[PDB]
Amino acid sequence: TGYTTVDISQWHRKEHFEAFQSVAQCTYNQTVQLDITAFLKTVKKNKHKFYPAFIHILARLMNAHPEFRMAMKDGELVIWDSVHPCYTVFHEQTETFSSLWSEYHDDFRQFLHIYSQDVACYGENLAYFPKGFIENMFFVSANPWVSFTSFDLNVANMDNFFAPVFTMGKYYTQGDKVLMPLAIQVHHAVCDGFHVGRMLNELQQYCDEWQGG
């Protein structure tokens, strides 16, 4: 876990971070209906599992702009060199769930081998965290039941909670498209509308143009 440090005093967000860090503190959530038609044909074509393919493109995005990798570390604003995805896994028998993370790598195929290995070893372990947590994770939850038009998280304690949370809903047909509900909660000290915005646009674009692989 390497990191580097933000120089708040030279930062064009100095004022925003100080305000969202003490008085105007807030988190905010956004839901979008993603067009997954092309993503889903690629995944089907490649016989990829959907969930890891999708955790993957989300992870690449968190590993493409530093505003999604902040943390407070021993009192300084820091940026992890990487963040690793931490996604939920459902247990049918007990009707409960676990959160597992898998080491991130640009190459989807290399992350896919890590991912299916972790699920193979840990998918039946009923701890809330079969393999512990690490400091530098982002969260992905599947909510496959509901085609929500809104999903929003209200965390009792948001101090330094900078790790982005995504919630993917249940996709559905609309005319020619397959659409999928996607929400992303982020903390306002470390992310503006622009950032979540650029992210979401890059997501829609990557989803359309990734060719499996």
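Residue numbers run from 1 along the displayed sequence.
Stretches 172-180 and 55-63 differ in mean C-alpha B factor, with the higher average recorded for 172-180.
Ranked within its chain, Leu200 lands in the lowest third, by CA B factor from the PDB record.
The entry lists a Cα temperature factor for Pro130 that places it in the middle third of the chain's modelled residues. In this PDB entry, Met137 carries a Cα temperature factor that places it within the lowest third of its chain's modelled residues. When all modelled residues of the chain are sorted by CA temperature factor, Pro85 is found within the lowest third.
Sorting the modelled residues of the chain by their CA temperature factor places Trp145 in the highest third.
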